[PDB]
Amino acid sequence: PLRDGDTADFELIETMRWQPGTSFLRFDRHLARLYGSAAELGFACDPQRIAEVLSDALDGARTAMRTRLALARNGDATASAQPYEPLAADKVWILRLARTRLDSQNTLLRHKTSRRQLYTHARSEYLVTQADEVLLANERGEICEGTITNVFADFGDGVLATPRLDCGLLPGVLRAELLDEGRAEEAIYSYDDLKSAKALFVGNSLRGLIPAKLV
């Protein structure tokens, strides 16, 4: 069902990091997105049920957990938790550009769903040893995002320039937090422009910012 969101109907998805004591990192941002999308897309969504599955999935958790929450249009929901494996602090992810392009007019790109054909295809273009993450651009050659991350580029001034939403990408939760804190700013740029970035990162709510290098 999660693996066949392209031929069949799709599900809404949220991937979060649960932490001892403080629970899900950026929890309210995740629920805001999930509840907002369910409302816009016509998904039955019972918050009491969402809280139930999350509470059961995290019952007895002793350390950080990667938690995947999924919602089907009929209101059916699942939550899965497994130990979070953080990246070493000195780890730098290698990025490559997929030939797979996104369509800026595809409105479904602003919802995190199981309809991941484009991203799965982009990811299949490169081996793990060739790219830790694969970036996708749109019909105007503007970088949008990674298959599972948003992009943040520092062209020298300390501001994390991240692709503007109208380029065709997921408004990520980490992305949103960085924008609201004044740390990131919307911008437009190509793969080639990134070569002039003094610092580069890709990130998501689960892992935070990940230093990256373009190839």
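One-based numbering along the sequence shown.
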| property | result |
| --- | --- |
| Which of 88-96 and 102-110 has higher mean CA B factor, as the PDB entry lists it | 88-96 |
| Higher-scoring stretch by recorded Cα B factor average, 143-151 or 35-43 | 35-43 |
| Among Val128, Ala79, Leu136, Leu71 - the residue whose C-alpha B-factor is largest in the record | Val128 |
| Highest-ranked of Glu52, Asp28, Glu177, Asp166 once sorted by CA temperature factor in the record | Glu52 |
| CA B-factor ranking of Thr162, expressed as a third of its chain | lowest |
| Relative C-alpha B-factor of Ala61, binned into the chain's lowest, middle or highest third | highest |
| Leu200 - which third its CA temperature factor falls in, relative to the rest of the chain | middle |
